[PDB]
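We count ligands from 1, going down the list as the structure has it; atoms in each ligand are counted the same way. Per chain, numbering begins at 1; letters A, B, ... match sequence-line order.
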Amino acid sequence: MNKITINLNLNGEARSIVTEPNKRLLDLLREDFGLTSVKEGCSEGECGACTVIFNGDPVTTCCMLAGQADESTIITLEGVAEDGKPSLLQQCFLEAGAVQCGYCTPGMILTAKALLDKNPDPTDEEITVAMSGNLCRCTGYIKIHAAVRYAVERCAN
Amino acid sequence: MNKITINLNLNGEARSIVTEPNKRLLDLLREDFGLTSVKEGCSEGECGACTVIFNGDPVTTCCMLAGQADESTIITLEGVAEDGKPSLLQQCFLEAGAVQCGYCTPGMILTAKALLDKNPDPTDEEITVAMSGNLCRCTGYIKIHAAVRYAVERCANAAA
Amino acid sequence: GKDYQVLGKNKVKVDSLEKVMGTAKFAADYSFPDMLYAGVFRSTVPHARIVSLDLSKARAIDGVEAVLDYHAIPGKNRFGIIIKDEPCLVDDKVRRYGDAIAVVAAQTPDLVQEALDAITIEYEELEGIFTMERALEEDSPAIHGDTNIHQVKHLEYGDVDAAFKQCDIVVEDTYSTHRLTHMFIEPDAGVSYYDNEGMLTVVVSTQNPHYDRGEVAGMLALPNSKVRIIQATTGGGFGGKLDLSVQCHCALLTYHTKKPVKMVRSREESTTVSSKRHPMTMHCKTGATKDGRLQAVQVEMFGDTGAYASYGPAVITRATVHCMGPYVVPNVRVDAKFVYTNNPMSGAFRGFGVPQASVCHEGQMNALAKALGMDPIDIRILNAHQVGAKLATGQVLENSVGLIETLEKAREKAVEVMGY
Amino acid sequence: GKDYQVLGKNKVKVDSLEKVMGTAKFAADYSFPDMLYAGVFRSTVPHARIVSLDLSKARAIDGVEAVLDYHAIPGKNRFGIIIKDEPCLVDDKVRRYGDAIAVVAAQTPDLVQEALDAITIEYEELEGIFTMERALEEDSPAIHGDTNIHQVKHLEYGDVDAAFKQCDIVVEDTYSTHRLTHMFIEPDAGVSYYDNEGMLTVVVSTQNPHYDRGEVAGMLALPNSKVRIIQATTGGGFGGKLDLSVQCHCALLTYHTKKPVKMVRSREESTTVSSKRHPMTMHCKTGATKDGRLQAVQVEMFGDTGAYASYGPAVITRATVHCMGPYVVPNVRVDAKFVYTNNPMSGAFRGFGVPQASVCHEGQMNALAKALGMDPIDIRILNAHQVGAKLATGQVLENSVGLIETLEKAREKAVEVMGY
Ligand SMILES: Nc1ccn([C@@H]2O[C@H](COP(=O)(O)OP(=O)(O)OC[C@H]3Oc4nc5nc(N)nc(O)c5nc4C(S)=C3S)[C@@H](O)[C@H]2O)c(=O)n1
Ligand code: FES
Ligand code: FES
Ligand code: FES
Ligand code: FES
Ligand SMILES: [Ca+2]
Ligand SMILES: [Mg+2]
Ligand SMILES: [Mg+2]
Ligand SMILES: [Se]
Ligand SMILES: [Se]
């Protein structure tokens with residue numbers, strides 16, 4: 001097995017790394033790039049905790065091989081903050097009560113951001129289906145959704 | 001400036017590193033090898049806090065270029081412990097009250113050890129001269145010297 | 001109401017910022033220099049004796065720093081949140097599937113798994129008990145001690161044998177609740193190490209750091225003050241993280257290698273090893289009169305606490321005391337028995353045996369409400385607890401009782417939203 | 001003497017283990033991911049206004065993240081252990097050599113130095129004051145406010161004018177001590193950062209973390225509960241690490257870059273910038289009768305507090321309260337005047353003015369003993385403080401007074417070991 005060269009745009013910057021391909025994209029991000037916001041809750045693509053914005057689209061990084069992130073644009077929770085400050089979405093999650101244990105939060109926010117970056121004014125239903133790939137055992141999903149609805153409204157102005 | 005390859009035996013094991021030559025051995029040990037026990041109290045050879053055992057002799061690492069550690073055997077405080085436990089000498093510093101702020105201690109212990117590895121039963125005068133390159137602002141040296149003397153006696157004691 | 005400065009207000013939580021920013025670190029997010037990785041070699045049988053265990057080939061792998069069994073423990077090898085019947089590493093015998101037999105520490109996760117697949121073991125299987133029936137048989141093989149009867153409680157209030165004669169209605173039925181798992185989104189994780197000052201420390205996903213401290217200190221024979229447990233940001237527990245998970249296994253390895261030991265359970269191993277809700281069966285008979293006032297409740301329940309006690313003693317006790325819903329019952333009889341089995345360890349899960357008990361009594365009430373043409377709410381409001389009432393334990397409610405309000409306000413809201 | 005369970009015993013220190021093992025971490029031994037290095041651009045003139053300051057060229061260097069002057073501080077820019085007369089970064093004017101003017105944060109120590117070398121500045125030099133004589137001349141520029149007089153104290157006890165007339169012997173001499181530096185073996189060092197939960201933090205070599213905190217919080221306009229100061233294993237202080245060293249410069253650079261900022265001072269800069277012992281000159285007249293009994297002490301002293309107050313207040317009063325020595329003197333008068341100068345900042349150095357005072361009172365006692373042909377120890381035992389003695393401040397000693405025992409034990413030992 002020979003190491004492969006991987007070029008990608010991670011959190012707004014052009015990165016490049018030569019490493020062994022025998023690993024998942026989740027491992028690459030957590031271990032090689034130190035992005036620990038990307039959680040691993042099941043290892044089978046179910047919980048969504050390992051969700052990251054892969055080319056405008058959210059994806060389960062526990063289902064992808066490191067090499068597949070080549071030539072792609074990836075955004076993890078660390079990339080959401082604006083110059084170290086909580087974005088609008090993040091602020092809404094804070095005030096809405098959408099956060100209990102916080103293990104699912106990164107994925108939730110990334111899924112909600114991916115959505116809002118395509119559909120600024122989504123329907124509550126479009127919001128639901130949009131985040132149906134992320135499981136939470138704490139909130140019942142209610143207040144998480146409210147935070148998204150909250151953000152959209154403040155997005156109007 | 002081309003990088004150089006430095007081969008040395010560090011704390012018992014053969015290490016090898018390819019690095020820039022424009023750094024002191026003190027920097028190599030602290031930064032590249034993570035041995036923070038090696039202190040920088042003055043940068044000019046006076047305090048002895050950056051002392052390491054070099055090919056059997058105590059030397060001030062702030063006075064040396066990294067490449068000069070090539071083909072050498074070096075022992076820092078981290079390499080004195082025996083299986084994660086305090087060596088006899090270290091146990092003696094603990095008990096003799098030789099430790100106050102503890103900043104000059106790595107140097108004191110290494111200098112003491114360097115002496116004992118050569119001369120297991122030194123005279124008090126020999127102990128003093130041997131450690132005269134290490135400055136301390138807390139102890140007044142009294143108990144640091146006692147610790148070494150105590151180690152020498154307990155070592156002989158181990159004549160069972 | 002009752003004007004408060006900050007109380008009641010929806011203040012942004014003190015730990016939400018780091019959670020939404022992604023800087024918050026859960027156990028598995030921690031990494032240290034020279035940090036080794038750990039894995040646990042567990043049993044594949046449910047009940048047996050270890051005839052032969054070979055760790056020689058595992059240890060011989062270049063990259064594996066340690067492989068240990070119970071012999072490696074300097075202190076005690078019996079733990080438990082209530083009853084010390086849980087080993088850190090099987091010594092006595094295997095009492096369940098996934099029992100901790102040995103632990104490994106290596107430089108990489110794969111080297112951990114490699115060292116694990118190299119271990120061989122021989123079993124002398126016993127009769128794996130899986131039903132409460134076979135477990136009660138004075139004939140069955142004792143999983144613990146000389147009996148499979150873990151807990152037995154009996155509550156007697158007033159005289160039910162009599163009251164059951166002053167009732168115009170009496171309903172009997174058997175209830176049964178299944179086995180469930182907390183399923184917190186964050187799998188079990190922990191990391192142990194000796195800090196810069198020599199302090200043995202364990203960062204871990206837990207619900208009770210201080211309890212964990214005692215066990216670790218016990219295992220290593222160290223005074224509590226010399227063992228530090230740091231409850232890291234925890235991704236849910238719901239009761240599944242009260243029992244020990246990786247604390248002792250990590251600490252044990254850090255004790256022997258003196259290096260940091262990280263252990264992150266896969267979802268599979270996490271679910272396989274953690275405790276489960278107590279599956280229960282409850283035989284009940286409630287007697288009431290025309291008007292609807294309850295006169296006497298009688299219950300006989302059983303419980304499958306699993307291979308180990310865990311919160312079993314607390315589950316049976318709390319269940320016994322609540323089996324007769326939040327209603328005033330002048331006569332109560334309760335017989336409860338929990339037994340050890342080779343089924344997954346039963347312990348604490350949101351409710352402490354009350355959810356199971358709620359099904360039983362609420363099932364009866366709704367049953368009486370159906371046999372008396374009463375509205376499920378009213379028949380409840382009638383027998384609802386109030387300040388001054390007397391409990392099956394002889395205790396009298398002296399304050400904070402808003403059960404009827406939850407019944408009226410709720411019904412009201414239901415009407416407004418679902419047309420009650 | 002009281003059978004203590006553990007008190008008095010030569011117990012191994014709770015922190016000696018890390019020190020002998022080399023694991024103990026002093027501030028400079030800390031390193032964090034993405035950590036930047038910092039340096040300070042300091043004045044090379046003693047007293048002057050800044051005409052111009054160019055930071056553009058320093059900012060343009062690839063690898064330099066920040067180059068800040070006082071304009072970058074969001075909160076206050078006046079600090080001080082006792083008197084808030086010290087800036088974090090000079091605003092109105094330079095008052096000493098080595099005054100902090102701007103700070104730099106960069107990816108490497110070499111980049112920092114490169115940034116400092118690229119900063120240019122133009123001063124409008126004022127008169128540098130280096131003598132207390134010139135400082136007291138009212139036409140001399142005022143380093144602070146409208147006068148260079150920093151502190152004044154006067155102790156009046158009994159009546160020395162009357163007393164001196166009743167004396168058989170009076171010794172009068174002018175004493176003076178010099179300027180010294182602490183020279184702890186570990187140079188000033190610190191590192192700041194926001195932790196995982198967003199907590200602003202500063203790990204530093206200090207003697208007073210809680211004081212440090214209040215200052216940092218005040219600079220960043222934050223509540224004290226939101227600024228964490230962690231005193232790292234400290235390589236000695238002796239008073240020189242009471243004043244702020246790197247805490248604010250680091251915290252400020254972290255507040256702006258949001259990254260960890262490490263600042264380790266070269267021995268040179270540490271000495272140049274840290275406090276020094278107050279040099280003092282004491283004029284004393286001490287009177288006594290033939291039997292060697294003290295009747296009156298009169299001291300007129302001056303202290304050079306340097307550019308900033310630091311412990312100037314603490315030093316002048318402590319020195320004033322003790323300058324008659326550990327002796328019962330029924331009549332004492334003390335005049336003390338400490339002045340600001342552009343000399344290095346005088347602060348706290350083991351003794352707070354008493355070492356300087358003792359040179360005086362002991363010099364007097366020895367001249368008395370010699371002239372009266374008495375044994376130096378005897379003349380001291382005769383006038384020594386004892387429980388019950390009345391102090392020059394009106395205070396009467398009520399307990400714990402063993403001066404005579406030190407005197408006797410000391411002489412007894414010296415007779416034996418040095419032939420006293
Ligand atoms: N009068 C009250 C009561 C509760 N609360 C809120 O609700 C929480 C629950 O408080 P409490 O009922 O006192 O229970 P504990 O804090 O002791 O939490 C443990 C409890 O919490 C439960 N809910 C959980 N919620 C989350 N997010 N994660 C778990 O693991 C949970 N596990 C369960 C289980 S099981 C248990 S035993 C408080 O932190 C508080 O934010 C409140 O504001 N005012
Ligand atoms: S770990 Fe990827 S979806 Fe759960
Ligand atoms: S808040 Fe805990 S899993 Fe979502
Ligand atoms: S730093 Fe090397 S002798 Fe002082
Ligand atoms: S113990 Fe502090 S310098 Fe030696
Ligand atoms: Ca626990
Ligand atoms: Mg300080
Ligand atoms: Mg001063
Ligand atoms: Se629970
Ligand atoms: Se001091």
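Among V227(D), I73(D), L200(D), the one residue that satisfies the side chain to side chain contact (heavy atoms under 4.5 Å, CB included) test with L220(D) is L200(D).
The Ca ion (ligand 6) has no N, O or S atom of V204(C) closer than 3.0 Å. Residue contact annotation: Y211(C) places no N/O/S atom under 3.0 Å from the Ca ion (ligand 6). Among the backbone and side-chain atoms of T206(C), an N, O or S atom lies under 3.0 Å from the Ca ion (ligand 6). Not a single N, O or S atom of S245(D), from either the backbone or the side chain, sits less than 2.8 Å from the Mg ion (ligand 7).
Nearest approach of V202(C) to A251(C), heavy atoms of both residues: CG2-CB, 4.3 Å. Across all their heavy atoms, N208(D) and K241(D) have their closest contact at ND2-O, 3.3 Å.
Counting only distances under 2.8 Å, and ignoring water, the protein N, O or S atoms around atom 2 (Fe) of ligand 2 are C50(A) SG, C62(A) SG.
Here the side chain of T60(A) pairs no donor or acceptor atom with the backbone of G45(A) at under 3.5 angstrom. Counting only distance, with no hydrogens or angles, the side chain of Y141(A) and the backbone of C136(A) share a donor-acceptor pair below 3.5 Å.
Angle OD1 (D212(C)) to the Ca ion (ligand 6) to ND2 (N208(C)): 80°, rounded to 10°. With the Mg ion (ligand 7) as the vertex, ND2 of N208(D) and OG1 of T206(D) span 60° to the nearest 10°.
Salt bridge present: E269(D) and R42(D) bring a charged side-chain N and a carboxylate O closer than 4.0 Å.
When distances from the Mg ion (ligand 7) to the N, O or S atoms of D212(D) are compared, OD1 comes out shortest.
Side chain to side chain, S245(D) and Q247(D) meet the donor-acceptor criterion of an N or O pair below 3.5 Å.
With sequence neighbours left out, the salt bridge (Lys or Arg N to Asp or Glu O under 4.0 Å) criterion links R78(D) to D91(D), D92(D).
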message: I'd like to know whether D243(D) forms a side-chain contact (heavy atoms from CB on, under 4.5 Å) with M345(D), so could you lay out the CA-CA distance, the side-chain angles of the two residues, the decisive distance to 0.1 Å, and finally the verdict.
response: CA-CA 10 Å; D243(D) 310 278; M345(D) 179 177 79; 4.1 Å; yes
